[PDB]
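Next up: the same protein chain in two forms, each one alone, written as structure tokens (structure 1, then structure 2).
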Structure 1
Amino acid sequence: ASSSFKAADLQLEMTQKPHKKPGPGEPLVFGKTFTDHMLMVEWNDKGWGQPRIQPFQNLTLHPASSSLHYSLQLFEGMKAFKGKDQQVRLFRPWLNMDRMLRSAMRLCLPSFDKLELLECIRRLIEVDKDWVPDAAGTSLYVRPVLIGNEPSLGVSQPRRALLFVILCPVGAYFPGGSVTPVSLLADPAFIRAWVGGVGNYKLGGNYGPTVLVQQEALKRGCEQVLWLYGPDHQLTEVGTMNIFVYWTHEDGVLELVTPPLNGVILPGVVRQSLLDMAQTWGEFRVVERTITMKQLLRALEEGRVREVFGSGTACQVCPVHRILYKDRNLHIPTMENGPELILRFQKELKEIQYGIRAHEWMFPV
């Protein structure tokens, strides 16, 4: 009664202007197409209003809105998948709710009950169940967002906020049983986040500044940015992805490594999962630890590196075959080693996500 909105009070408003779905020919470029409905909940000094599913529509915002002046905004990104039996499922939606909540706190935005939001999302996706593609490799992208909405140029804790969710079908990222590597630009010139910063939260502010760097990565001939940090150029993340390395370490032990959640990297859901899986298999050392370019160069020379890749909801797993550093093109042997591990990861997630094998990680819609 001044804490959280409840799914039980959700309000439905089916559209009166259904939109033509992307014909079976239609491309489906990442975030360019949206479904018919959206979720919407308002918050002010009266607590949350009633959550409501409404037709997709513009946002009406006051010119002084803090979401626009002081970046009082955060968002989440997760996927729902439709299996061959056309049942739709989310991938560990809970971890996303957690993260959203944590970001919400960092920006002094109002908290809410994750189960209620999750259910509300489940109701929304349900409403647009038809928008979920089901061609192999495709999915529905779930975009929850929360922004401060005070019509005040004061940089204070907002007293008015707004949470909303939008959905878009996304097409396949790789052919059924393979993957294609990407080249990375690695330049100390740019930092993405720092210690004591806010990079371990998914806030809009973390991304705005990457657009320029991303272009520099392309003009320089690469496709993504490997973010280096500190004086030893430690690897943090690869653009909107957590970085992983499968190699024989200096101590001669075969292991899967990924930078620790110090506070400069984002707690990827896929990231978590890949560790979970690997720790399960028990076939090799799985460790969270700092990785430095130094260690990487030497591991490359002595040929101890097998696979390098990033994790993320866009493709789950993505191979790396080239890293441009100090104007030096480093060939990464990922494809030459299978990529054995990447494919397994890829294969296991697909069977879990598309409902080939039942699993606790999947939240049915």
Structure 2
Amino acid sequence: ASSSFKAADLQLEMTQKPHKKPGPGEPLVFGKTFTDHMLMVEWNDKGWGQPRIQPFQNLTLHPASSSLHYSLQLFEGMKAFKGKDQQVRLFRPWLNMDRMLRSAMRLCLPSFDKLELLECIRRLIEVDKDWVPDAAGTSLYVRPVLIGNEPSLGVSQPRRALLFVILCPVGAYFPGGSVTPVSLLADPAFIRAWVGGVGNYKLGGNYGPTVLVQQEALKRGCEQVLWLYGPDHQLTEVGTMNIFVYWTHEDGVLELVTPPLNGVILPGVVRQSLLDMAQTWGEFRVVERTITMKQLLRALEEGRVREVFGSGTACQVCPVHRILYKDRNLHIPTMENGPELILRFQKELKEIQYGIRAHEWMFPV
């Protein structure tokens, strides 16, 4: 096949049926509202077809499409922010393209040029730029997707695939102005991923099984799930966010710790940014190490825990105030210790993402 698709061959098809732009009491609910256009690229045995920006529209799929029978599907999630200047910028897009390609290979889906995809994405955002909000805390969510599309019930490498990208204006989850903490359910019975599995890839298959578990967290009074793994009940992730703990460890050294990338953790872009940032300050120890409930419990009643939070594109730095472990509620002093670290992290990202401070992390328009 010919290399992979190119931004120079983009075909533009403008919408004739514009969508009404969010205008109510400004109620932006994540993943519900879509912009006017979308990216679409098809892959055959002839290889990749020409990239196309077209009006948002339904997909037409053969009933035996492997994307629907054997979960040959993966996705990404990243944000575009509009600064006061009106300039739109994407936050570390390159990392998302890297991760997306890794996912593609894991599922035997067609490789592509990451810089070519980023360009097409840039062109798509340009076309729908008017959908990018600028109110404090708002942004545009970009959702690239790659699916196998073989008209065959055989479980095998697809010879046809489909890559598309859709956009959603978002208004930052819920609290709006403040930063309210969440409570978590920690029950060892629920398993999200395993060593040797595919938890470290953003594949649709990893999420479907969590819907029921999340419902159990609600019916139990919690807002999200703290995923535990292993006999030692290590803390892997929170909902769909990586987890960080800021405390003074056993050796009495103050540190920021987050589980290591050993197969069951999704390598979050925000996660990597927080480590990079904290490592740059050089004010305290920053490490990737397994974290156990045992260590947490001991640390809690020894008054060593300062802040616990999740990190992810949807909720950059999310405070945790309660963890329901063994029928036992554990209060997490995050807010008591002014979320000092959380607050500094949030300030820094805000400055970087909205262009207040120039940074290599931001990708123009």
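Sequence positions of structure 1, starting at 1, serve as the residue numbers. Here, rigid core means the biggest group of C-alpha atoms that superpose within 1.5 Å across both forms.
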Among 164, 75, 94, 174, which is the residue that shifts its C-alpha 2 Å or more between structure 1 and structure 2, core superposed?
174
So that I can tell if residue 26 moves, could you say whether its C-alpha shifts by at least 2 Å between structure 1 and structure 2 after the core superposition?
yes
Once both forms are fitted on the core, what is the Cα shift for residue 228 between structure 1 and structure 2 in Å?
0.2
Once the rigid core is superposed, tell me how far the Cα of residue 239 moves between structure 1 and structure 2, in Å to one decimal.
1.1
